[PDB]
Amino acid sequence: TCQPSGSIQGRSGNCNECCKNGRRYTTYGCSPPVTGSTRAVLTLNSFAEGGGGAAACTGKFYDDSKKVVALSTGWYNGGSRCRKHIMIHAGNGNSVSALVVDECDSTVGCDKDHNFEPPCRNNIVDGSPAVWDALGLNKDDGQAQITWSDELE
């Protein structure tokens, strides 16, 4: 079963969520098992250009109207879901198809490369605003419990 890969000493550097100095942050190379109804935490992210890196699958940026996601490293699975779709289900009964474009990197964090932010958790679907709106979820919540599965085409 999926175990941590290690941990990193927090540094807040110049980040204004930021890593905090007195702690350690865990890293992961794996994610939970992928089932036909995979339980995950949906977070909120913008994939647009300006003022974060290019999307891992394509080297591109995506404006907030695009329904795109990043997956925790384990689910990202070396790129095997790149430019494939996943079906996301929210607890309120809404669902949306989203394009996998990026990795939510759980292997590294708390450095200038990641704006001194912590490493992604290992069960994350990091969704654009349009994913949240399609799910009828309140973007002020910051995170939501979801399920997802690989979609056919």
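Numbering starts at 1 and follows the sequence shown.
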Completion exercise
Per the record, the count of deposited residues between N16 and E17 that have no coordinates is 4 to 9
Fill in the blank from the handout: Per the entry, how many deposited residues between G51 and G52 lack coordinates? The answer is 1 to 3
Exercise for the section: Can you let me know which of the two, 121 to 129 or 31 to 39, has the higher average C-alpha B-factor in the entry? Expected result: 31 to 39
Fill in the blank from the handout: Stretch with higher mean Cα temperature factor, 22 to 30 vs 99 to 107, is 22 to 30
